[PDB]
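*Asks:* Going down the list, the sequences are from chains D and X.
FYI, our numbering numbers position 26 of the first sequence as 28, with every residue one higher than the one before it.
FYI, our numbering numbers position 3 of the second sequence as 4, with every residue one higher than the one before it.
Note that the Cβ used here is the ideal one computed from N, Cα and C, for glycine as well.
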Amino acid sequence: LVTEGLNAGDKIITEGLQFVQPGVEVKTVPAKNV
Amino acid sequence: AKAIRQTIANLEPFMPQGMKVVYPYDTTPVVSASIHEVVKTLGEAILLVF
């Protein structure tokens with residue numbers, strides 16, 4: 003349960019967290035894990 | 002010193018956003034120019050005595 007810095011309608015990276023850093027254009031796919 | 006530069010330049014795609022690595026003090030060009038002027042005056046001395 004979050005309270006600040008994360009409002010409704012946002013997106014969160016949750017899988018594939020090895021070739022990623024803040025500041026690069028990355029494509030989108032829906033997540034495999036629930 | 003080139004290996005230290007190469008290590009930082011190989012590590013730089015992993016730093017957080019907003020962090021630069023600067024080189025304020027470096028006595029590499031002092032040594033480099035101080036031996037390069039010796040090589041230049043060696044060449045000038047042999048060509049000039051020729």
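With distances taken Cα to Cα, identify the nearest neighbour of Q18/X among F21/D, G25/D, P32/D.
*Replies:* Counted from its first residue, the second sequence places residue 18/X at position 17. It is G25/D whose Cα lies nearest to the Cα of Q18/X.
*Asks:* Nearest-angstrom Cα distance between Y24/X and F15/X?
*Replies:* On the second sequence, residue 24/X is found 23 positions in, with the first residue counted as 1. On the second sequence, residue 15/X is found 14 positions in, with the first residue counted as 1. Taking the straight line from one Cα to the other gives about 19 Å.
*Asks:* To the nearest angstrom, how far is it from the Cα of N35/D to the Cα of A10/D?
*Replies:* Your numbering for residue 35/D matches position 33 in the first sequence. Your numbering for residue 10/D matches position 8 in the first sequence. Using only the alpha carbons, I get a separation of about 21 Å.
*Asks:* For the alpha helix (DSSP H) holding residue 53/X, just list the boundary residues, first then last.
*Replies:* An answer regarding residue 53/X cannot be provided, because it is not within the stretch 2 to 51 covered by chain X.
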